[PDB]
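Comments concern the structure below.
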Amino acid sequence: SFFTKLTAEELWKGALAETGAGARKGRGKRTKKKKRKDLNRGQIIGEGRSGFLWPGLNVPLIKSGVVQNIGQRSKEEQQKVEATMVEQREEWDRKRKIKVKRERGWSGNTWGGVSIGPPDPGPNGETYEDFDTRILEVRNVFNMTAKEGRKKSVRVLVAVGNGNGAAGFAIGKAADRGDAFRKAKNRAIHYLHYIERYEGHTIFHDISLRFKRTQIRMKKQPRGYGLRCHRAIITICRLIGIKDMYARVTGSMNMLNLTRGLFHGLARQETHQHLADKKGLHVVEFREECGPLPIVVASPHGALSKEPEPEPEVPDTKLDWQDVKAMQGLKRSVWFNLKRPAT
Amino acid sequence: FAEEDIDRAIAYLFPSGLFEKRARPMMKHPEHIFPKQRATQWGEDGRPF
Amino acid sequence: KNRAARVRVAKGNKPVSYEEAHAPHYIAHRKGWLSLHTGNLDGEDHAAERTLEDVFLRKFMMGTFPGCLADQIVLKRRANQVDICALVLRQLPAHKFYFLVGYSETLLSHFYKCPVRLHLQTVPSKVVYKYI
Amino acid sequence: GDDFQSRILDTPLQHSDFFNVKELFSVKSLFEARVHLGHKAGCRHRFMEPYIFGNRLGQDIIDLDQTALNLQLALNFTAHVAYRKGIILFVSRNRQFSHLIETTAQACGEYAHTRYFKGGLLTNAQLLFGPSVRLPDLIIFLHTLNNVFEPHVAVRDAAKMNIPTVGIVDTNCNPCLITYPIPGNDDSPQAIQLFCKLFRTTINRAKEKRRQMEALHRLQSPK
Amino acid sequence: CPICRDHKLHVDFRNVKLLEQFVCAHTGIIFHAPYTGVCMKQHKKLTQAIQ
Amino acid sequence: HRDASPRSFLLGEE
RNA sequence: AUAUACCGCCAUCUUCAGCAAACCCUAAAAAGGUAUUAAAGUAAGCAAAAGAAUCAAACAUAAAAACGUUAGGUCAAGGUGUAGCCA
Ligand SMILES: [K+]
Ligand SMILES: [Mg+2]
Ligand SMILES: [Mg+2]
Ligand SMILES: [Mg+2]
Ligand SMILES: [Mg+2]
Ligand SMILES: [Mg+2]
Ligand SMILES: [Mg+2]
Ligand SMILES: [Mg+2]
Ligand SMILES: [Zn+2]
């Protein structure tokens with residue numbers, strides 16, 4: 001009957017079962033799920049299966065100065081228009097499945113190391129197109145509640161950097177993953193450290209630190225050495241702009257303690273100019289590829305001192321067994337210094 | 001012509017029998033209808049007044 | 001919980017018109033009636049026929065103006081005259097509306113044997129009462 | 001044109017005491033106002049010991065020579081900020097001096113917040129005040145502790161927003177985050193009244209100098 | 001791989017600009033195949049052309 | 001546990 | 001056939017007081033965020049409140065009551081997804 005017919009909005013709402021209880025509690029292993037479609041997309045007002053032509057609706061009202069009259073397309077002509085519409089209908093469907101590849105991260109099914117774009121513009125149109133955002137951890141934590149039982153939120157740890165020394169990190173939490181991405185991405189832009197790079201490609205000196213139970217041992221390296229570090233450190237180093245460094249992480253691999261410990265050490269390092277001012281002496285550099293040629297990298301800003309820095313006969317430095325163990329002639333692991341792709 | 005005459009004219013020309021009188025047609029002076037709002041609290045230079 | 005004619009709350013991104021926002025208990029309080037005839041007044045006949053005609057007249061206008069209706073139509077019966085007042089979006093060309101008005105009037109006047117007139121007020125886009 | 005604007009803004013920074021703030025105060029003037037009186041030794045903060053002259057029978061005494069040096073720097077900085085038309089906000093939670101500090105700010109031409117400080121006032125200003133609210137360029141903390149003997153929330157929140165802070169810091173206070181700390185008495189009415197006058201005279205001099213500096217340079221353009 | 005995916009790229013001793021991309025500018029060492037991801041057949045061809 | 005993976009983002013279905 | 005795919009229309013805690021979203025803060029945050037002689041919370045929506053109805057006024061009664069809970073009830077009001085019948 002014509003009186004038992006409902007609108008498309010009501011037909012799709014029921015058929016899709018989106019508002020149904022089962023979907024809300026996630027009680028189905030979603031597959032082969034119905035996909036909504038708009039059926040008025042390619043329909044032109046005035047076009048029917050019978051192929052009638054209506055002046056002023058689906059055909060020109062006046063043609064070559066002649067006032068048109070009602071007409072109908074021939075069976076052959078109608079079969080052509082019907083065929084052309086089918087081609088357009090199929091063309092749209094194939095485009096729906098077509099997608100644009102995005103680079104994966106550390107693994108194919110993980111969010112770690114995935115670029116999610118720049119942070120959003122600021123209050124006064126402060127664009128951050130020069131900044132890139134990378135994900136370091138996505139966790140599905142749970143808070144037990146009386147109303148909802150186990151309740152799930154998305155906790156995202158991201159880092160941001162412009163590749164020119166400025167970088168920061170933040171954590172964003174929400175019930176939806178997309179929201180946690182926005183919260184963390186725009187929060188991290190408010191916590192930008194500036195990291196000092198020696199000659200724009202490496203740290204000024206070796207850095208050893210313990211943050212909580214995570215240990216990091218970074219080493220200054222020459223050009224062309226590349227990043228040989230934890231995958232998270234490679235991601236953060238690319239954001240900062242460091243190009244050549246070695247690092248080892250031991251103890252707990254907590255991503256937050258590694259991110260906080262990394263920025264802590266990298267932000268509290270000492271540039272050569274700072275050391276020259278503190279001690280009043282020239283800072284000289286000796287490269288083995290330049291021979292004995294002395295290279296002055298920093299000169300004291302004020303008055304140059306005349307008391308030589310004391311050189312002990314035997315220094316009391318505290319050495320790490322791992323570094324010293326190599327020069328003692330002990331064997332390294334089979335996993336050490338394996339051939340890897342350029343980082 | 002006054003505000004009282006306006007309300008009488010609008011009630012004749014647009015008869016509404018809605019019980020709530022906030023929902024009935026109205027042609028009131030803008031001061032009565034538009035909520036008077038606190039103005040800007042600082043100048044162009046940005047110094048609060 | 002009552003579900004009748006109630007557009008529910010989401011996250012503040014759902015536009016709703018004035019008609020949709022108000023639940024059934026606001027009928028005769030904040031919003032009026034879409035149809036106005038004399039068939040439900042006391043001691044009056046032919047309520048069933050006026051109600052059946054309205055149901056059809058609303059499905060007819062939806063199909064005849066697909067995607068061009070900004071809000072529900074208003075039906076006004078005076079004597080044997082029928083008047084259809086519809087808010088219609090400005091999607092179609094102007095001459096197309098003149099075709100559908102002449103067609104829908106003649107067809108519905110020869111179907112119910114009464115003079116039927118169509119009144120169209122064009123809006124630039126749907127009017128949003130509130131975001132719920 | 002461009003030279004005049006450079007002269008107005010760049011000339012003041014070539015003189016050690018462009019506004020002559022040294023004359024406003026003296027070690028004797030501070031000693032009359034009881035600015036050398038500190039809390040008992042038990043209430044002493046570890047980061048205030050540099051500024052303490054000694055312990056006179058349990059009561060820490062504040063060196064008024066360090067106070068004079070630090071006050072000169074703080075008053076000098078407050079003058080250049082006022083000279084450049086920056087926003088200055090006086091902040092305190094001591095209720096005895098709430099009316100005096102609000103009256104001082106009004107006399108200077110600046111701003112005072114002596115009431116309960118809302119969380120997020122500076123870190124979440126746009127929500128609390130509006131889209132394009134201009135935050136203070138300098139915050140003067142006549143008192144750096146709240147009424148529960150904890151640091152005023154605006155000390156950390158002004159550092160988070162990178163706003164310089166001139167604060168009076170008594171022996172029990174924490175000056176580490178105060179950009180220009182002024183060691184001195186914060187409890188006595190005569191000490192607080194002296195500081196309020198100094199900040200008020202200084203700001204009015206800097207504002208007056210700018211008016212005169214503009215007229216002289218502006219007059220030169222036609223002349 | 002980078003060489004094979006682009007047919008117009010040709011590993012020839014005369015095409016020095018291409019060969020430079022496979023040699024370290026700072027150390028002057030030819031990169032091992034895992035570094036750039038070239039297949040072993042092209043890496044052997046690249047090494048001979050650079051030499 | 002399956003639809004929260006980056007598959008949809010890494011394919012381009014935005 | 002399946003209300004354990006659903007729309008539609010309801011029951012229940014319920015005339016219970018909460019729900020959701022945008023921000024901000026934490027020597028890290030699984031979460032939490034109040035003190036008024038105030039100590040980190042803030043500015044808006046839905047519900048409540050108000051208002052309207054029972055044809056003066058009040059009170060009362062109705063109506064109203066969010067988001068969730070019970071895979072609650074209803075494929076037999078109607079419509080509809082999947083599967084099944086078509087001498
Ligand atoms: K149901
Ligand atoms: Mg895979
Ligand atoms: Mg004190
Ligand atoms: Mg059920
Ligand atoms: Mg109510
Ligand atoms: Mg059941
Ligand atoms: Mg059936
Ligand atoms: Mg049954
Ligand atoms: Zn290859």
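By convention in this document, the chains of the structure tokens carry letters A, B, ... by their order, each chain's residues are numbered from 1, and ligands are numbered from 1 in the order they are shown.
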
Hey, list the chain B side of the contact with chain C: 9 Å cut-off, only C-alpha atoms, answer as a PyMOL selection string.
-> chain B and resi 16-24

Put those residues in a file: N, CA, C and O atoms, as a compact mmCIF listing (two decimals), in the first residue's frame.
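As written to disk, part_11.txt reads:
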```
# COMPACT_ATOMS: atom_id res chain seq x y z
N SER B 16 -2.77 34.30 17.72
CA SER B 16 -2.14 33.07 18.18
C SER B 16 -2.79 32.67 19.50
O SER B 16 -3.06 33.51 20.35
N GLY B 17 -3.04 31.37 19.65
CA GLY B 17 -3.70 30.87 20.83
C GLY B 17 -2.80 29.97 21.65
O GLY B 17 -3.26 29.14 22.43
N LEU B 18 -1.50 30.15 21.46
CA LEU B 18 -0.52 29.40 22.24
C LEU B 18 -0.60 29.83 23.70
O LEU B 18 -0.70 31.02 24.01
N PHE B 19 -0.57 28.86 24.61
CA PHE B 19 -0.78 29.18 26.01
C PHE B 19 0.38 29.99 26.57
O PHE B 19 0.17 30.95 27.32
N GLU B 20 1.61 29.63 26.21
CA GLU B 20 2.78 30.40 26.62
C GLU B 20 2.88 31.65 25.76
O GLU B 20 2.90 31.55 24.53
N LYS B 21 2.94 32.81 26.40
CA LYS B 21 2.91 34.08 25.69
C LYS B 21 4.29 34.52 25.21
O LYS B 21 4.38 35.47 24.42
N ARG B 22 5.36 33.87 25.67
CA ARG B 22 6.68 34.11 25.11
C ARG B 22 6.79 33.60 23.69
O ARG B 22 7.64 34.08 22.93
N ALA B 23 5.94 32.65 23.30
CA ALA B 23 5.99 32.03 21.98
C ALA B 23 5.08 32.70 20.97
O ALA B 23 4.97 32.22 19.84
N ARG B 24 4.43 33.80 21.34
CA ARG B 24 3.50 34.46 20.45
C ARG B 24 4.21 35.51 19.61
O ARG B 24 5.31 35.95 19.96
```

Residue set, chain B restricted to alpha helix (DSSP H), as a PyMOL selection string | chain B and resi 3-13+30-33

Could you turn the residues from that selection into a file that holds N, CA and C atoms, as a PDB file, in the first residue's frame?
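Okay, result_26.pdb is ready:
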```pdb
ATOM      1  N   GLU B   3       3.524  51.733  22.436  1.00  0.00           N
ATOM      2  CA  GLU B   3       3.814  50.316  22.630  1.00  0.00           C
ATOM      3  C   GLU B   3       2.541  49.527  22.902  1.00  0.00           C
ATOM      4  N   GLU B   4       1.602  50.114  23.642  1.00  0.00           N
ATOM      5  CA  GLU B   4       0.364  49.401  23.944  1.00  0.00           C
ATOM      6  C   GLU B   4      -0.448  49.180  22.677  1.00  0.00           C
ATOM      7  N   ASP B   5      -0.513  50.192  21.812  1.00  0.00           N
ATOM      8  CA  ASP B   5      -1.227  50.039  20.550  1.00  0.00           C
ATOM      9  C   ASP B   5      -0.551  49.002  19.664  1.00  0.00           C
ATOM     10  N   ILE B   6       0.782  48.930  19.707  1.00  0.00           N
ATOM     11  CA  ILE B   6       1.500  47.955  18.890  1.00  0.00           C
ATOM     12  C   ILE B   6       1.084  46.541  19.270  1.00  0.00           C
ATOM     13  N   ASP B   7       1.083  46.239  20.569  1.00  0.00           N
ATOM     14  CA  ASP B   7       0.738  44.891  21.006  1.00  0.00           C
ATOM     15  C   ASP B   7      -0.695  44.545  20.626  1.00  0.00           C
ATOM     16  N   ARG B   8      -1.592  45.531  20.670  1.00  0.00           N
ATOM     17  CA  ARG B   8      -2.973  45.291  20.268  1.00  0.00           C
ATOM     18  C   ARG B   8      -3.074  45.039  18.769  1.00  0.00           C
ATOM     19  N   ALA B   9      -2.334  45.807  17.968  1.00  0.00           N
ATOM     20  CA  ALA B   9      -2.371  45.612  16.522  1.00  0.00           C
ATOM     21  C   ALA B   9      -1.794  44.257  16.132  1.00  0.00           C
ATOM     22  N   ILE B  10      -0.682  43.861  16.753  1.00  0.00           N
ATOM     23  CA  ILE B  10      -0.061  42.585  16.411  1.00  0.00           C
ATOM     24  C   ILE B  10      -0.969  41.428  16.803  1.00  0.00           C
ATOM     25  N   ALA B  11      -1.700  41.568  17.910  1.00  0.00           N
ATOM     26  CA  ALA B  11      -2.571  40.487  18.353  1.00  0.00           C
ATOM     27  C   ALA B  11      -3.755  40.297  17.417  1.00  0.00           C
ATOM     28  N   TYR B  12      -4.245  41.379  16.810  1.00  0.00           N
ATOM     29  CA  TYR B  12      -5.328  41.258  15.841  1.00  0.00           C
ATOM     30  C   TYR B  12      -4.830  40.668  14.527  1.00  0.00           C
ATOM     31  N   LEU B  13      -3.703  41.167  14.019  1.00  0.00           N
ATOM     32  CA  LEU B  13      -3.235  40.766  12.699  1.00  0.00           C
ATOM     33  C   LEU B  13      -2.592  39.388  12.695  1.00  0.00           C
ATOM     34  N   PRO B  30      13.714  47.005  20.130  1.00  0.00           N
ATOM     35  CA  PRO B  30      14.847  46.078  20.283  1.00  0.00           C
ATOM     36  C   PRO B  30      15.406  46.012  21.691  1.00  0.00           C
ATOM     37  N   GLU B  31      15.253  47.068  22.489  1.00  0.00           N
ATOM     38  CA  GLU B  31      15.796  47.049  23.842  1.00  0.00           C
ATOM     39  C   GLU B  31      15.121  45.982  24.695  1.00  0.00           C
ATOM     40  N   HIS B  32      13.807  45.816  24.540  1.00  0.00           N
ATOM     41  CA  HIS B  32      13.084  44.844  25.353  1.00  0.00           C
ATOM     42  C   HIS B  32      13.471  43.413  25.000  1.00  0.00           C
ATOM     43  N   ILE B  33      13.652  43.117  23.716  1.00  0.00           N
ATOM     44  CA  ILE B  33      13.870  41.739  23.279  1.00  0.00           C
ATOM     45  C   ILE B  33      15.340  41.350  23.357  1.00  0.00           C
TER      46      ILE B  33
END
```

Give the residues close to ligand 5, within 9 Å, counting only C-alpha atoms (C1' of nucleotides) and all ligand atoms; write them as a PyMOL selection string.
-> chain G and resi 15+48-51+63-65

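Around ligand 8, the neighbouring residues within 9 Å, taking only C-alpha atoms (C1' of nucleotides) and all ligand atoms, come to residues 1, 75 and 76 of chain G.
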
The selected residues should be written to file as a PDB file, in the first residue's frame (atoms: N, CA, C and O atoms (P, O5', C5', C4', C3', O3' and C1' of nucleotides)).
```pdb
ATOM      1  P     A G   1       7.789 -17.501  12.858  1.00  0.00           P
ATOM      2  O5'   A G   1       9.358 -17.748  12.752  1.00  0.00           O
ATOM      3  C5'   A G   1       9.923 -19.017  13.049  1.00  0.00           C
ATOM      4  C4'   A G   1      11.426 -18.971  12.970  1.00  0.00           C
ATOM      5  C3'   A G   1      12.090 -17.875  13.787  1.00  0.00           C
ATOM      6  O3'   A G   1      12.265 -18.235  15.146  1.00  0.00           O
ATOM      7  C1'   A G   1      12.963 -17.853  11.593  1.00  0.00           C
ATOM      8  P     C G  75       6.701  -9.969  18.530  1.00  0.00           P
ATOM      9  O5'   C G  75       7.289  -9.384  17.172  1.00  0.00           O
ATOM     10  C5'   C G  75       7.517 -10.232  16.054  1.00  0.00           C
ATOM     11  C4'   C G  75       7.545  -9.452  14.764  1.00  0.00           C
ATOM     12  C3'   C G  75       7.561 -10.306  13.502  1.00  0.00           C
ATOM     13  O3'   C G  75       6.857  -9.640  12.454  1.00  0.00           O
ATOM     14  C1'   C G  75       9.530  -9.005  13.593  1.00  0.00           C
ATOM     15  P     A G  76       5.491 -10.260  11.880  1.00  0.00           P
ATOM     16  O5'   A G  76       4.404  -9.891  12.984  1.00  0.00           O
ATOM     17  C5'   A G  76       3.453  -8.857  12.751  1.00  0.00           C
ATOM     18  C4'   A G  76       2.458  -8.744  13.878  1.00  0.00           C
ATOM     19  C3'   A G  76       3.063  -8.649  15.278  1.00  0.00           C
ATOM     20  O3'   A G  76       2.252  -7.807  16.095  1.00  0.00           O
ATOM     21  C1'   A G  76       1.660 -10.535  15.157  1.00  0.00           C
TER      22        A G  76
END
```

Distance filter 10 Å around ligand 1, atoms: only C-alpha atoms (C1' of nucleotides) and all ligand atoms, out as a list in words =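 Based on only C-alpha atoms (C1' of nucleotides) and all ligand atoms, ligand 1 is surrounded within 10 Å by residues 14, 19, 20 and 21 of chain A; 3, 6, 7, 8, 9, 10, 73 and 74 of chain G.
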
When the cut-off is 12 Å and we count only C-alpha atoms (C1' of nucleotides), which residues of chain G are near chain B, given as number ranges by chain?
-> G: 51-53, 55

Output as a PyMOL selection string the set of chain A residues within 10 Å of chain G, with distances taken over only C-alpha atoms (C1' of nucleotides).
-> chain A and resi 3-7+9-23+25+27-28+34+141-143+146-148+171-173+183+256-257+260

Please, could you write that set of residues out with N, CA, C and O atoms as a short mmCIF file (atom, residue, chain, number, x, y, z; two decimals), in the first residue's frame?
```cif
data_model
loop_
_atom_site.label_atom_id
_atom_site.label_comp_id
_atom_site.auth_asym_id
_atom_site.auth_seq_id
_atom_site.Cartn_x
_atom_site.Cartn_y
_atom_site.Cartn_z
N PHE A 3 0.33 3.84 1.70
CA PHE A 3 0.27 4.50 3.00
C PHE A 3 1.15 3.83 4.04
O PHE A 3 1.25 4.35 5.16
N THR A 4 1.78 2.71 3.71
CA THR A 4 2.69 2.02 4.61
C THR A 4 4.15 2.26 4.24
O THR A 4 5.03 1.54 4.73
N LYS A 5 4.42 3.25 3.39
CA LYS A 5 5.76 3.53 2.90
C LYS A 5 6.41 4.60 3.77
O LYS A 5 5.78 5.63 4.06
N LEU A 6 7.65 4.37 4.17
CA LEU A 6 8.40 5.28 5.02
C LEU A 6 9.52 5.96 4.24
O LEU A 6 9.87 5.54 3.13
N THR A 7 10.06 7.02 4.82
CA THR A 7 11.11 7.80 4.17
C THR A 7 12.45 7.06 4.22
O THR A 7 12.63 6.07 4.94
N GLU A 9 15.33 8.21 5.35
CA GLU A 9 16.02 8.40 6.62
C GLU A 9 15.61 7.34 7.63
O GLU A 9 16.44 6.84 8.39
N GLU A 10 14.32 6.99 7.65
CA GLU A 10 13.83 5.99 8.58
C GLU A 10 14.19 4.58 8.13
O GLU A 10 14.37 3.69 8.97
N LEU A 11 14.28 4.36 6.82
CA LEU A 11 14.64 3.04 6.31
C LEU A 11 16.10 2.71 6.61
O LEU A 11 16.42 1.59 7.02
N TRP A 12 17.00 3.68 6.41
CA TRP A 12 18.41 3.44 6.67
C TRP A 12 18.70 3.36 8.17
O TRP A 12 19.54 2.56 8.59
N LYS A 13 18.01 4.16 8.98
CA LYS A 13 18.22 4.10 10.42
C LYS A 13 17.94 2.70 10.95
O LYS A 13 18.70 2.17 11.76
N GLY A 14 16.85 2.09 10.49
CA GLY A 14 16.51 0.76 10.97
C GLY A 14 17.43 -0.31 10.41
O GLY A 14 17.90 -1.19 11.15
N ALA A 15 17.71 -0.26 9.11
CA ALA A 15 18.49 -1.30 8.46
C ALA A 15 19.93 -1.33 8.96
O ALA A 15 20.53 -2.41 9.05
N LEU A 16 20.49 -0.17 9.29
CA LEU A 16 21.90 -0.12 9.69
C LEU A 16 22.11 -0.56 11.13
O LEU A 16 23.21 -1.00 11.48
N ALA A 17 21.08 -0.47 11.97
CA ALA A 17 21.17 -0.90 13.36
C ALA A 17 22.32 -0.20 14.07
O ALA A 17 23.03 -0.80 14.89
N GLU A 18 22.52 1.08 13.76
CA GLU A 18 23.56 1.85 14.42
C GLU A 18 23.13 2.24 15.83
O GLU A 18 23.91 2.12 16.78
N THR A 19 21.90 2.72 15.97
CA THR A 19 21.37 3.12 17.27
C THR A 19 20.94 1.92 18.11
O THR A 19 20.58 2.10 19.28
N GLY A 20 20.98 0.72 17.55
CA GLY A 20 20.60 -0.46 18.31
C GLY A 20 21.49 -0.69 19.51
O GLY A 20 22.63 -0.24 19.58
N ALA A 21 20.94 -1.43 20.48
CA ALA A 21 21.64 -1.67 21.73
C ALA A 21 22.93 -2.45 21.51
O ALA A 21 23.96 -2.16 22.13
N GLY A 22 22.90 -3.45 20.63
CA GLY A 22 24.05 -4.33 20.48
C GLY A 22 25.31 -3.59 20.09
O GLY A 22 26.38 -3.84 20.63
N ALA A 23 25.20 -2.67 19.13
CA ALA A 23 26.36 -1.91 18.70
C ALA A 23 26.93 -1.07 19.83
O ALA A 23 28.15 -0.94 19.98
N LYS A 25 27.04 -1.58 23.05
CA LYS A 25 27.83 -2.39 23.97
C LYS A 25 28.91 -3.19 23.27
O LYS A 25 29.61 -3.97 23.93
N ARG A 27 28.89 -5.79 21.04
CA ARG A 27 28.65 -7.22 21.18
C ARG A 27 28.75 -7.97 19.86
O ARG A 27 28.31 -9.12 19.78
N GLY A 28 29.30 -7.35 18.84
CA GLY A 28 29.50 -8.01 17.56
C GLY A 28 30.90 -7.78 17.03
O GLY A 28 31.45 -6.69 17.16
N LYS A 34 26.56 -3.47 6.74
CA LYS A 34 25.86 -2.66 5.76
C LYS A 34 26.49 -1.27 5.67
O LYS A 34 26.92 -0.71 6.68
N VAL A 141 43.39 2.22 28.38
CA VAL A 141 43.24 2.01 29.82
C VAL A 141 41.76 1.87 30.17
O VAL A 141 40.87 2.16 29.37
N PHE A 142 41.51 1.41 31.39
CA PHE A 142 40.15 1.13 31.84
C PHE A 142 39.94 1.69 33.24
O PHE A 142 40.80 1.54 34.11
N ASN A 143 38.79 2.33 33.44
CA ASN A 143 38.38 2.82 34.75
C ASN A 143 37.05 2.16 35.09
O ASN A 143 36.05 2.38 34.39
N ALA A 146 30.51 2.24 38.38
CA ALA A 146 29.28 1.56 38.75
C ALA A 146 28.26 1.59 37.62
O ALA A 146 27.54 0.61 37.39
N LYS A 147 28.18 2.71 36.91
CA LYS A 147 27.17 2.86 35.86
C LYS A 147 27.53 2.06 34.62
O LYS A 147 26.68 1.38 34.04
N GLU A 148 28.79 2.12 34.20
CA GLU A 148 29.23 1.52 32.95
C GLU A 148 30.08 0.28 33.14
O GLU A 148 30.48 -0.34 32.14
N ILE A 171 50.58 14.33 26.76
CA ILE A 171 49.64 13.21 26.81
C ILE A 171 48.23 13.76 26.69
O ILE A 171 47.88 14.73 27.37
N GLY A 172 47.43 13.15 25.83
CA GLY A 172 46.03 13.47 25.71
C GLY A 172 45.17 12.26 25.99
O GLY A 172 45.44 11.17 25.48
N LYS A 173 44.13 12.42 26.81
CA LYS A 173 43.21 11.35 27.13
C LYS A 173 41.80 11.74 26.72
O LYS A 173 41.39 12.89 26.89
N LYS A 183 43.78 16.48 21.51
CA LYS A 183 44.16 17.01 22.81
C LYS A 183 45.67 16.96 23.01
O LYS A 183 46.28 17.92 23.48
N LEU A 256 56.76 6.84 28.55
CA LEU A 256 56.71 8.18 29.14
C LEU A 256 58.00 8.52 29.87
O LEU A 256 58.52 9.63 29.73
N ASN A 257 58.54 7.57 30.64
CA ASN A 257 59.80 7.84 31.33
C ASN A 257 60.95 7.99 30.34
O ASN A 257 61.91 8.71 30.62
N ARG A 260 60.31 11.58 28.89
CA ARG A 260 60.66 12.61 29.87
C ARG A 260 62.15 12.60 30.17
O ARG A 260 62.76 13.67 30.33
#
```

Please return, as an NGL selection string, all residues of chain D lying within 12 Å of chain G when only C-alpha atoms (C1' of nucleotides) are considered.
-> :D and (93-96 or 115-131 or 145-154 or 156-157 or 160)

Give as a VMD selection string every residue of chain C that touches chain A within 12 Å, counting only C-alpha atoms.
-> chain C and resid 8 10 52 to 60 62 to 68 91 to 103

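CA of residue 81 (chain C) to CA of residue 115 (chain C) spans 5.1 Å [interatomic distance, one decimal].
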
Tell me, as a PDB file with N, CA, C and O atoms, in the first residue's frame, which residues lie within 10 Å of residue 3 (chain F), counting only C-alpha atoms (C1' of nucleotides); anything in the same chain fewer than 4 positions away does not count.
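Writing the result to selection_24.pdb gives the following:
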```pdb
ATOM      1  N   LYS A  29      31.460  -8.828  16.422  1.00  0.00           N
ATOM      2  CA  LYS A  29      32.759  -8.738  15.756  1.00  0.00           C
ATOM      3  C   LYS A  29      32.510  -8.212  14.346  1.00  0.00           C
ATOM      4  O   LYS A  29      32.426  -8.957  13.367  1.00  0.00           O
ATOM      5  N   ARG A  30      32.383  -6.888  14.260  1.00  0.00           N
ATOM      6  CA  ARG A  30      31.888  -6.235  13.055  1.00  0.00           C
ATOM      7  C   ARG A  30      32.601  -6.727  11.802  1.00  0.00           C
ATOM      8  O   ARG A  30      33.830  -6.689  11.707  1.00  0.00           O
TER       9      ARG A  30
ATOM     10  N   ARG F   7      44.593   0.626  10.863  1.00  0.00           N
ATOM     11  CA  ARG F   7      44.329   0.169   9.501  1.00  0.00           C
ATOM     12  C   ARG F   7      43.571   1.223   8.701  1.00  0.00           C
ATOM     13  O   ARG F   7      43.953   1.558   7.574  1.00  0.00           O
ATOM     14  N   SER F   8      42.489   1.761   9.270  1.00  0.00           N
ATOM     15  CA  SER F   8      41.678   2.721   8.527  1.00  0.00           C
ATOM     16  C   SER F   8      42.457   3.996   8.245  1.00  0.00           C
ATOM     17  O   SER F   8      42.299   4.606   7.182  1.00  0.00           O
TER      18      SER F   8
END
```

Quick one: DSSP strand (DSSP E) residues in region 191-231 of chain A, as a PyMOL selection string?
-> chain A and resi 193-194+207-211+214-220+227-228

With only C-alpha atoms (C1' of nucleotides) and all ligand atoms counted, collect every polymer residue having an atom within 12 Å of ligand 9; state the result as an NGL selection string.
-> :E and (1-7 or 9-11 or 33-34 or 36-46)

Go ahead and dump the residues you just picked, C-alpha atoms, as a CSV table (one decimal), in the first residue's frame.
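The resulting file, part_4.csv, is shown below:
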```
chain,number,residue,atom,x,y,z
E,1,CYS,CA,63.9,-1.3,-5.0
E,2,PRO,CA,64.8,2.4,-5.6
E,3,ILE,CA,66.7,1.6,-8.8
E,4,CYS,CA,64.4,-1.1,-10.1
E,5,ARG,CA,61.2,0.8,-9.4
E,6,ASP,CA,62.2,3.6,-11.7
E,7,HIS,CA,63.2,2.2,-15.2
E,9,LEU,CA,67.3,5.4,-13.6
E,10,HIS,CA,70.4,3.9,-15.2
E,11,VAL,CA,73.4,2.6,-13.3
E,33,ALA,CA,72.7,-2.6,0.2
E,34,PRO,CA,70.5,-2.7,3.4
E,36,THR,CA,69.5,2.1,0.7
E,37,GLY,CA,67.4,-1.0,0.1
E,38,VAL,CA,68.7,-1.7,-3.3
E,39,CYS,CA,68.7,-5.4,-4.4
E,40,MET,CA,71.9,-7.3,-4.5
E,41,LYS,CA,72.0,-7.4,-8.3
E,42,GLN,CA,71.9,-3.6,-8.5
E,43,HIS,CA,74.2,-3.1,-5.6
E,44,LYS,CA,76.9,-5.1,-7.3
E,45,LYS,CA,76.2,-3.1,-10.5
E,46,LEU,CA,76.4,0.2,-8.5
```

CA of residue 111 (chain D) to CA of residue 178 (chain D), distance in Å rounded to a single decimal | 19.0 Å

So, counting only C-alpha atoms (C1' of nucleotides) and all ligand atoms, which residue among G:67, G:44, G:59, G:72 is closest to ligand 6?
->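 Among the listed residues, G:72 lies closest to ligand 6.
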